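**Student:** One structure coming up, written as C-alpha coordinates, with questions to follow.
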Amino acid sequence: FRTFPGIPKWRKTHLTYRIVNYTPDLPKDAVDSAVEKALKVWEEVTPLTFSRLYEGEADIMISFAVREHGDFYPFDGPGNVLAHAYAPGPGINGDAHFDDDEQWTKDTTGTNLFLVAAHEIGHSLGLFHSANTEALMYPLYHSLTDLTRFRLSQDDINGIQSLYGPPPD
Amino acid sequence: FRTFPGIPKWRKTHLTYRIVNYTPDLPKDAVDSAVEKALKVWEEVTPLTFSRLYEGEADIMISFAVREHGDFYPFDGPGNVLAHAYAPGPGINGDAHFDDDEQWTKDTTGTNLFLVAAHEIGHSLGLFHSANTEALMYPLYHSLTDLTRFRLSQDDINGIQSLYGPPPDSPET
Ligand SMILES: CON[C@H]1C[C@H](C(=O)NO)N(S(=O)(=O)c2ccc(OC)cc2)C1
Ligand SMILES: CON[C@H]1C[C@H](C(=O)NO)N(S(=O)(=O)c2ccc(OC)cc2)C1
Ligand SMILES: [Ca+2]
Ligand SMILES: [Ca+2]
Ligand SMILES: [Ca+2]
Ligand SMILES: [Ca+2]
Ligand SMILES: [Ca+2]
Ligand SMILES: [Ca+2]
Ligand SMILES: [Zn+2]
Ligand SMILES: [Zn+2]
Ligand SMILES: [Zn+2]
Ligand SMILES: [Zn+2]
(Lines of atoms letter the chains of each structure in order from A and count residues from 1; the text may use other names and numbers.)
(Lines give C-alpha, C1' and ligand atoms only; values in the text may rest on other atoms or scores of the structure.)
(Ligands and ions follow the chains in the order given, each with its own letter.)
Protein backbone atom coordinates (compact mmCIF):
# COMPACT_ATOMS: atom_id res chain seq x y z
CA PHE A 1 0.00 0.00 0.00
CA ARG A 2 1.05 3.60 -0.43
CA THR A 3 0.28 6.39 2.07
CA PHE A 4 2.33 9.54 2.67
CA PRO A 5 2.24 10.48 6.35
CA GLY A 6 3.04 14.10 5.47
CA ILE A 7 -0.35 14.48 3.76
CA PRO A 8 -3.08 14.87 6.34
CA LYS A 9 -5.65 12.14 6.80
CA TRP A 10 -9.10 13.06 8.11
CA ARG A 11 -8.88 14.40 11.70
CA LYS A 12 -12.28 12.95 12.54
CA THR A 13 -13.94 9.56 12.40
CA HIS A 14 -17.36 10.65 11.14
CA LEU A 15 -17.38 11.83 7.53
CA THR A 16 -20.19 13.26 5.39
CA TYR A 17 -20.98 12.47 1.79
CA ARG A 18 -23.35 13.98 -0.76
CA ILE A 19 -24.31 12.65 -4.22
CA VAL A 20 -24.38 15.93 -6.19
CA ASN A 21 -25.80 14.62 -9.49
CA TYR A 22 -26.81 11.44 -11.28
CA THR A 23 -25.64 9.68 -14.44
CA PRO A 24 -28.22 9.01 -17.17
CA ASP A 25 -26.62 5.57 -17.44
CA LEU A 26 -28.26 4.20 -14.33
CA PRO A 27 -31.36 4.36 -12.15
CA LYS A 28 -30.73 6.71 -9.22
CA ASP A 29 -31.26 3.74 -6.82
CA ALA A 30 -28.18 1.98 -8.23
CA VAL A 31 -25.88 5.01 -7.86
CA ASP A 32 -27.00 5.30 -4.25
CA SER A 33 -26.39 1.60 -3.63
CA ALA A 34 -22.98 1.55 -5.35
CA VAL A 35 -21.83 4.54 -3.26
CA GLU A 36 -23.28 3.04 -0.06
CA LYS A 37 -21.55 -0.29 -0.76
CA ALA A 38 -18.26 1.48 -1.59
CA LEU A 39 -18.38 3.39 1.71
CA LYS A 40 -19.17 0.19 3.65
CA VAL A 41 -16.10 -1.61 2.28
CA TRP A 42 -14.10 0.95 4.25
CA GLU A 43 -16.30 1.43 7.38
CA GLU A 44 -15.95 -2.34 7.89
CA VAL A 45 -12.26 -2.43 8.61
CA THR A 46 -11.82 0.97 10.35
CA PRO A 47 -13.69 3.05 12.89
CA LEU A 48 -14.94 5.43 10.15
CA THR A 49 -18.65 6.08 9.92
CA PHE A 50 -20.53 7.97 7.24
CA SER A 51 -23.74 9.97 6.89
CA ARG A 52 -25.36 11.46 3.80
CA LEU A 53 -26.28 15.10 3.22
CA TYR A 54 -28.51 16.63 0.54
CA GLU A 55 -27.46 20.22 0.84
CA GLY A 56 -24.32 22.06 1.84
CA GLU A 57 -20.80 20.82 1.56
CA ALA A 58 -20.29 17.25 2.66
CA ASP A 59 -16.70 16.18 3.31
CA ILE A 60 -16.86 13.83 0.31
CA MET A 61 -18.76 15.48 -2.58
CA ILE A 62 -19.59 12.87 -5.20
CA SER A 63 -20.34 13.88 -8.83
CA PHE A 64 -20.41 12.80 -12.47
CA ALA A 65 -18.68 14.98 -14.96
CA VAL A 66 -17.35 15.18 -18.49
CA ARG A 67 -14.24 16.90 -19.87
CA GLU A 68 -13.82 20.25 -18.11
CA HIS A 69 -15.90 20.35 -14.98
CA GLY A 70 -14.70 23.04 -12.62
CA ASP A 71 -11.36 21.66 -11.48
CA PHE A 72 -7.87 21.60 -12.95
CA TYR A 73 -8.12 18.03 -14.23
CA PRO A 74 -10.51 17.66 -17.17
CA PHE A 75 -11.73 14.18 -17.94
CA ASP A 76 -10.70 12.54 -21.23
CA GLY A 77 -13.72 11.15 -23.08
CA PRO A 78 -14.32 7.35 -23.38
CA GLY A 79 -12.13 4.98 -21.43
CA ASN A 80 -8.78 5.58 -19.79
CA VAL A 81 -9.36 7.82 -16.72
CA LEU A 82 -12.65 6.53 -15.27
CA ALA A 83 -12.81 8.72 -12.16
CA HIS A 84 -10.54 10.69 -9.85
CA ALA A 85 -10.54 11.80 -6.25
CA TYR A 86 -8.66 14.05 -3.89
CA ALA A 87 -6.92 13.15 -0.59
CA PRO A 88 -8.32 14.34 2.81
CA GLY A 89 -8.87 17.99 3.57
CA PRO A 90 -11.41 20.84 3.00
CA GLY A 91 -13.08 21.95 -0.20
CA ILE A 92 -12.26 19.79 -3.16
CA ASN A 93 -10.15 17.53 -0.93
CA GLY A 94 -12.01 14.31 -0.30
CA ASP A 95 -14.16 14.81 -3.39
CA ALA A 96 -14.71 12.08 -5.97
CA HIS A 97 -15.48 12.73 -9.64
CA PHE A 98 -16.72 10.12 -12.11
CA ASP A 99 -16.33 10.36 -15.89
CA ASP A 100 -19.76 10.14 -17.46
CA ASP A 101 -18.16 9.42 -20.81
CA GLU A 102 -17.88 5.93 -19.27
CA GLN A 103 -20.95 3.70 -19.23
CA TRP A 104 -21.61 3.19 -15.52
CA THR A 105 -23.19 -0.24 -14.82
CA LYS A 106 -24.28 -2.31 -11.84
CA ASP A 107 -22.62 -5.40 -13.31
CA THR A 108 -19.43 -5.81 -15.39
CA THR A 109 -20.99 -4.96 -18.73
CA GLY A 110 -19.68 -1.41 -18.61
CA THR A 111 -17.63 0.30 -15.93
CA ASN A 112 -18.86 -1.13 -12.66
CA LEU A 113 -19.82 1.86 -10.54
CA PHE A 114 -19.32 0.07 -7.19
CA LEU A 115 -15.75 -1.11 -7.75
CA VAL A 116 -14.46 2.22 -9.09
CA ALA A 117 -16.32 4.12 -6.35
CA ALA A 118 -14.75 1.89 -3.72
CA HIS A 119 -11.28 2.70 -5.14
CA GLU A 120 -12.15 6.41 -5.35
CA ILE A 121 -13.21 6.61 -1.69
CA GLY A 122 -9.94 4.88 -0.97
CA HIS A 123 -8.36 8.02 -2.36
CA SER A 124 -10.83 10.23 -0.49
CA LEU A 125 -9.61 8.69 2.77
CA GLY A 126 -5.91 9.11 2.12
CA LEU A 127 -4.89 5.97 0.26
CA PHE A 128 -2.70 6.28 -2.80
CA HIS A 129 -2.10 3.70 -5.59
CA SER A 130 -0.87 0.29 -4.38
CA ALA A 131 2.01 -1.53 -6.09
CA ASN A 132 0.23 -4.79 -5.20
CA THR A 133 -1.72 -6.12 -8.21
CA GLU A 134 -4.70 -7.66 -6.35
CA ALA A 135 -5.35 -4.60 -4.24
CA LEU A 136 -8.46 -2.52 -4.77
CA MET A 137 -6.07 0.45 -4.73
CA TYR A 138 -4.12 -0.96 -7.71
CA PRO A 139 -4.69 1.65 -10.44
CA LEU A 140 -6.17 -0.71 -12.98
CA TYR A 141 -9.75 -1.39 -13.83
CA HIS A 142 -10.07 -5.08 -14.54
CA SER A 143 -13.40 -5.77 -16.20
CA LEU A 144 -13.78 -8.16 -13.29
CA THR A 145 -16.79 -10.34 -14.11
CA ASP A 146 -16.67 -11.86 -10.64
CA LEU A 147 -18.02 -9.02 -8.54
CA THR A 148 -19.28 -11.94 -6.45
CA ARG A 149 -15.66 -12.62 -5.51
CA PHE A 150 -14.58 -9.08 -4.62
CA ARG A 151 -12.91 -8.79 -1.30
CA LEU A 152 -10.75 -5.95 0.01
CA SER A 153 -7.12 -7.14 -0.21
CA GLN A 154 -5.00 -7.45 2.93
CA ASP A 155 -2.95 -4.62 1.41
CA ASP A 156 -5.97 -2.33 1.35
CA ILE A 157 -6.87 -3.20 4.93
CA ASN A 158 -3.26 -2.78 6.05
CA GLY A 159 -3.11 0.62 4.32
CA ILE A 160 -6.40 2.02 5.63
CA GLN A 161 -5.78 0.77 9.17
CA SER A 162 -2.33 2.39 9.05
CA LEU A 163 -4.14 5.70 8.90
CA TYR A 164 -7.29 5.03 10.96
CA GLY A 165 -6.67 1.83 12.87
CA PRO A 166 -8.97 -1.24 13.17
CA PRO A 167 -12.69 -1.32 13.81
CA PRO A 168 -13.48 -0.96 17.53
CA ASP A 169 -15.13 -4.37 17.46
CA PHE B 1 11.69 3.20 -12.35
CA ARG B 2 14.82 3.04 -10.18
CA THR B 3 16.07 5.28 -7.31
CA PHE B 4 19.61 5.83 -6.08
CA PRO B 5 21.02 3.37 -3.58
CA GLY B 6 19.59 4.23 -0.20
CA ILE B 7 16.60 6.22 -1.43
CA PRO B 8 18.12 9.65 -0.99
CA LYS B 9 15.44 12.33 -1.48
CA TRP B 10 15.11 16.02 -0.67
CA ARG B 11 13.58 16.77 2.71
CA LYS B 12 12.40 20.26 1.76
CA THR B 13 9.48 20.36 -0.67
CA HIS B 14 10.72 23.60 -2.10
CA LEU B 15 14.07 23.74 -3.84
CA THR B 16 16.22 26.50 -5.22
CA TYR B 17 18.13 26.34 -8.46
CA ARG B 18 20.74 28.63 -9.95
CA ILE B 19 21.96 28.73 -13.53
CA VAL B 20 25.72 29.34 -13.02
CA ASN B 21 26.90 29.82 -16.58
CA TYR B 22 25.59 29.93 -20.13
CA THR B 23 26.35 27.93 -23.26
CA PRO B 24 27.54 29.64 -26.44
CA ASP B 25 25.03 27.46 -28.37
CA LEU B 26 21.92 29.35 -27.38
CA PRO B 27 20.72 32.76 -26.29
CA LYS B 28 20.38 33.06 -22.50
CA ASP B 29 16.56 33.27 -22.50
CA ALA B 30 16.26 29.96 -24.32
CA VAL B 31 18.52 28.34 -21.74
CA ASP B 32 16.35 29.77 -18.95
CA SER B 33 13.14 28.65 -20.66
CA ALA B 34 14.39 25.12 -21.18
CA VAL B 35 15.34 24.86 -17.48
CA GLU B 36 12.00 26.33 -16.29
CA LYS B 37 10.08 23.90 -18.49
CA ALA B 38 12.31 21.03 -17.25
CA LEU B 39 11.52 21.87 -13.63
CA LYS B 40 7.84 22.35 -14.46
CA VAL B 41 7.38 18.72 -15.67
CA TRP B 42 8.24 17.46 -12.16
CA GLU B 43 6.47 20.25 -10.30
CA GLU B 44 3.31 19.22 -12.12
CA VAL B 45 3.30 15.76 -10.58
CA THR B 46 4.78 16.20 -7.05
CA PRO B 47 4.39 18.65 -4.17
CA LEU B 48 7.70 20.13 -5.23
CA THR B 49 8.21 23.74 -6.22
CA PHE B 50 11.30 25.61 -7.30
CA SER B 51 12.75 29.10 -7.01
CA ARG B 52 15.62 30.71 -8.86
CA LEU B 53 18.70 32.12 -7.20
CA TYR B 54 21.09 34.48 -8.87
CA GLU B 55 23.91 34.43 -6.27
CA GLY B 56 25.02 32.05 -3.52
CA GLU B 57 24.36 28.27 -3.42
CA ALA B 58 21.04 26.96 -4.67
CA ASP B 59 20.15 23.33 -3.98
CA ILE B 60 20.36 22.57 -7.71
CA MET B 61 23.39 24.29 -9.33
CA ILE B 62 23.02 24.10 -13.09
CA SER B 63 26.11 24.56 -15.33
CA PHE B 64 27.65 23.89 -18.71
CA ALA B 65 31.13 22.40 -18.65
CA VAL B 66 33.59 20.61 -20.93
CA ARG B 67 36.19 17.95 -20.16
CA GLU B 68 37.62 18.29 -16.58
CA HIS B 69 35.47 20.76 -14.61
CA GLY B 70 36.16 20.54 -10.92
CA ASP B 71 34.28 17.35 -10.12
CA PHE B 72 34.90 13.59 -10.22
CA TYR B 73 33.61 12.93 -13.69
CA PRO B 74 35.17 14.87 -16.56
CA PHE B 75 32.99 15.27 -19.58
CA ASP B 76 33.99 13.47 -22.76
CA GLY B 77 33.93 15.76 -25.78
CA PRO B 78 31.27 15.63 -28.53
CA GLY B 79 28.68 12.89 -28.20
CA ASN B 80 28.50 9.93 -25.83
CA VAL B 81 27.83 11.30 -22.31
CA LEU B 82 25.56 14.42 -22.65
CA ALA B 83 25.14 15.62 -19.05
CA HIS B 84 25.23 14.14 -15.55
CA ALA B 85 23.56 15.06 -12.29
CA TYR B 86 23.80 14.20 -8.63
CA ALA B 87 21.37 12.63 -6.15
CA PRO B 88 19.61 14.84 -3.53
CA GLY B 89 21.86 16.02 -0.73
CA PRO B 90 24.10 18.93 0.24
CA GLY B 91 26.88 20.61 -1.70
CA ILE B 92 27.55 18.90 -5.04
CA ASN B 93 24.50 16.71 -4.61
CA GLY B 94 21.48 17.82 -6.60
CA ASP B 95 23.67 19.60 -9.15
CA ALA B 96 23.30 19.13 -12.89
CA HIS B 97 26.11 19.59 -15.43
CA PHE B 98 25.75 19.71 -19.19
CA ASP B 99 28.48 18.84 -21.68
CA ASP B 100 29.06 21.91 -23.83
CA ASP B 101 30.74 19.82 -26.52
CA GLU B 102 27.22 18.97 -27.55
CA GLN B 103 25.18 21.42 -29.60
CA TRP B 104 22.45 22.47 -27.22
CA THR B 105 19.32 23.23 -29.12
CA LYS B 106 15.68 24.37 -28.64
CA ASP B 107 14.48 21.76 -31.16
CA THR B 108 15.86 18.45 -32.43
CA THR B 109 18.57 19.81 -34.73
CA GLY B 110 21.07 19.21 -31.92
CA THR B 111 20.80 17.85 -28.41
CA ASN B 112 17.52 19.12 -27.02
CA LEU B 113 18.37 21.04 -23.87
CA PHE B 114 14.83 20.73 -22.43
CA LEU B 115 14.72 16.92 -22.76
CA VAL B 116 18.11 16.20 -21.29
CA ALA B 117 17.54 18.84 -18.59
CA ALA B 118 14.28 17.11 -17.61
CA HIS B 119 16.14 13.75 -17.26
CA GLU B 120 18.95 15.41 -15.30
CA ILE B 121 16.50 17.05 -12.85
CA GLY B 122 14.99 13.62 -12.48
CA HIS B 123 18.38 12.60 -11.14
CA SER B 124 18.60 15.68 -8.91
CA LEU B 125 15.25 14.74 -7.39
CA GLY B 126 16.24 11.15 -6.60
CA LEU B 127 15.33 9.10 -9.66
CA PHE B 128 17.82 6.79 -11.25
CA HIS B 129 17.78 5.17 -14.71
CA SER B 130 14.53 3.49 -15.71
CA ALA B 131 14.84 0.08 -17.36
CA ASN B 132 11.62 1.09 -19.17
CA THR B 133 12.33 2.20 -22.74
CA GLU B 134 9.73 4.98 -22.95
CA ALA B 135 10.47 6.63 -19.61
CA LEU B 136 12.17 10.02 -19.67
CA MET B 137 14.53 8.33 -17.23
CA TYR B 138 15.55 5.55 -19.69
CA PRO B 139 19.26 6.22 -20.16
CA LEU B 140 19.20 6.78 -23.89
CA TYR B 141 18.73 10.03 -25.78
CA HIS B 142 16.84 9.34 -28.94
CA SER B 143 15.59 9.88 -32.47
CA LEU B 144 12.55 11.72 -31.13
CA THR B 145 10.73 14.40 -33.13
CA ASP B 146 7.54 15.61 -31.39
CA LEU B 147 8.56 17.72 -28.39
CA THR B 148 5.06 19.05 -28.68
CA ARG B 149 3.60 15.72 -27.58
CA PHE B 150 5.86 15.68 -24.46
CA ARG B 151 4.49 14.05 -21.32
CA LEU B 152 6.21 12.18 -18.48
CA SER B 153 5.49 8.46 -18.90
CA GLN B 154 3.58 6.68 -16.13
CA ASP B 155 6.80 5.02 -15.07
CA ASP B 156 8.47 8.41 -14.46
CA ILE B 157 5.37 9.59 -12.64
CA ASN B 158 5.24 6.49 -10.42
CA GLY B 159 8.95 6.85 -9.71
CA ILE B 160 8.88 10.50 -8.61
CA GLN B 161 5.61 10.04 -6.70
CA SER B 162 6.95 6.94 -4.95
CA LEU B 163 9.47 9.46 -3.59
CA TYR B 164 7.45 12.65 -3.03
CA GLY B 165 3.84 11.71 -3.57
CA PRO B 166 1.56 13.69 -5.91
CA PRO B 167 0.64 17.41 -5.85
CA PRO B 168 -1.44 18.10 -2.68
CA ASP B 169 -4.40 19.53 -4.62
CA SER B 170 -4.23 16.89 -7.31
CA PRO B 171 -5.45 13.36 -8.06
CA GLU B 172 -2.83 10.71 -8.72
CA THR B 173 -1.89 10.84 -12.32
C1 LIG C 1 -1.46 5.77 -12.36
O2 LIG C 1 -2.57 6.51 -12.76
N3 LIG C 1 -3.67 5.70 -12.99
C4 LIG C 1 -5.00 5.94 -12.92
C5 LIG C 1 -5.71 7.27 -12.78
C6 LIG C 1 -7.14 6.78 -12.56
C7 LIG C 1 -7.32 6.45 -11.01
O8 LIG C 1 -6.70 5.59 -10.36
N9 LIG C 1 -8.21 7.23 -10.37
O10 LIG C 1 -8.42 6.92 -8.98
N11 LIG C 1 -7.23 5.57 -13.36
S12 LIG C 1 -8.71 4.73 -13.67
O13 LIG C 1 -9.66 5.79 -13.68
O14 LIG C 1 -8.48 4.00 -14.85
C15 LIG C 1 -9.14 3.67 -12.33
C16 LIG C 1 -10.02 4.21 -11.41
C17 LIG C 1 -10.51 3.37 -10.44
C18 LIG C 1 -10.11 2.06 -10.36
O19 LIG C 1 -10.75 1.38 -9.34
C20 LIG C 1 -10.42 0.02 -9.23
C21 LIG C 1 -9.15 1.52 -11.24
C22 LIG C 1 -8.67 2.37 -12.23
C23 LIG C 1 -6.02 4.79 -13.15
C1 LIG D 1 25.47 4.66 -17.45
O2 LIG D 1 24.41 5.53 -17.78
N3 LIG D 1 24.24 5.90 -19.09
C4 LIG D 1 24.19 7.20 -19.40
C5 LIG D 1 25.03 8.23 -18.57
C6 LIG D 1 24.43 9.54 -19.06
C7 LIG D 1 23.23 9.91 -18.13
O8 LIG D 1 22.28 9.16 -17.94
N9 LIG D 1 23.18 11.11 -17.53
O10 LIG D 1 22.02 11.41 -16.72
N11 LIG D 1 23.98 9.20 -20.42
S12 LIG D 1 23.43 10.45 -21.52
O13 LIG D 1 24.32 11.51 -21.12
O14 LIG D 1 23.58 9.81 -22.78
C15 LIG D 1 21.69 10.85 -21.42
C16 LIG D 1 21.40 11.96 -20.68
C17 LIG D 1 20.12 12.41 -20.71
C18 LIG D 1 19.12 11.79 -21.40
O19 LIG D 1 17.93 12.48 -21.19
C20 LIG D 1 16.85 12.15 -22.01
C21 LIG D 1 19.35 10.61 -22.13
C22 LIG D 1 20.68 10.15 -22.11
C23 LIG D 1 23.46 7.85 -20.53
CA1 LIG E 1 -12.65 8.76 -19.44
CA1 LIG F 1 -14.48 18.00 0.22
CA1 LIG G 1 -22.23 7.77 -19.16
CA1 LIG H 1 23.68 21.04 -4.53
CA1 LIG I 1 29.92 14.23 -24.60
CA1 LIG J 1 28.13 23.49 -27.16
ZN1 LIG K 1 -12.64 16.39 -11.31
ZN1 LIG L 1 -6.95 6.10 -8.66
ZN1 LIG M 1 30.30 17.43 -13.70
ZN1 LIG N 1 20.89 9.77 -16.72
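Chain A residue numbers are taken from Swiss-Prot; in order, the displayed residues are 100-268.
If you check the header, you will see the structure was determined by X-ray crystallography, 2.0 Å.
Placement of Cβ uses the backbone N, Cα and C atoms for every residue, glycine included.
According to Swiss-Prot, the feature active site maps to A:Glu219. The Ca(2+) 1 binding site feature in Swiss-Prot is assigned to A:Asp124, A:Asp199, A:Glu201. What Swiss-Prot lists as Ca(2+) 2 binding site is A:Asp158, A:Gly190, A:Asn192, A:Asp194. The Zn(2+) 1 binding site annotation in Swiss-Prot covers A:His168, A:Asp170, A:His183, A:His196. Sequence annotations record features per position, and here Swiss-Prot assigns Ca(2+) 3 binding site to A:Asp175, A:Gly176, A:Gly178, A:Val180, A:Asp198, A:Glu201.
Can you walk me through where each of these features ends up in the structure?
**Tutor:** When Cβ atoms from all protein chains are considered, those within 10 Å of A:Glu219 (active site) total 24, not counting its own.
Secondary structure from DSSP puts A:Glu201 (Ca(2+) 1 binding site) in coil. For A:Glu201 (Ca(2+) 1 binding site), other Cβ atoms within 10 Å of its Cβ number 24.
Within 10 Å of the C-beta of A:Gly190 (Ca(2+) 2 binding site) there are 10 other C-beta atoms, taking all protein chains into account. Under DSSP, A:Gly190 (Ca(2+) 2 binding site) is assigned to coil, being neither helix nor strand in the three-state scheme.
A:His196 (Zn(2+) 1 binding site) counts 24 other C-beta atoms within 10 Å of its own C-beta, drawing on all protein chains shown.
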**Student:** With every protein chain in view, what's the tally of Cβ atoms within 10 Å of the Cβ of A:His168 (Zn(2+) 1 binding site), excluding that atom itself?
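**Tutor:** Other Cβ atoms within 10 Å of A:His168 (Zn(2+) 1 binding site): 14.
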**Student:** Checking interface proximity: list the binding-site residues among A:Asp170, A:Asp175, A:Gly176, A:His183, A:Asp198, A:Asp199 whose CB sits under 8 Å from a chain B CB, in sequence order.
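**Tutor:** Near chain B, the qualifying binding-site residues are A:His183.
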**Student:** Around the Ca(2+) 1 site formed by A:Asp124, A:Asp199, A:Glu201, list the extra residues of the same chain whose Cβ is within 8 Å of the site's Cβ centroid.
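**Tutor:** Neighbours found: A:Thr122, A:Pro123, A:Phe163, A:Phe197, A:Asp198, A:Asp200, A:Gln202, A:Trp203, A:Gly209, A:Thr210.
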**Student:** Where does A:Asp170 (Zn(2+) 1 binding site) sit in DSSP terms: helix, strand, or coil?
**Tutor:** coil
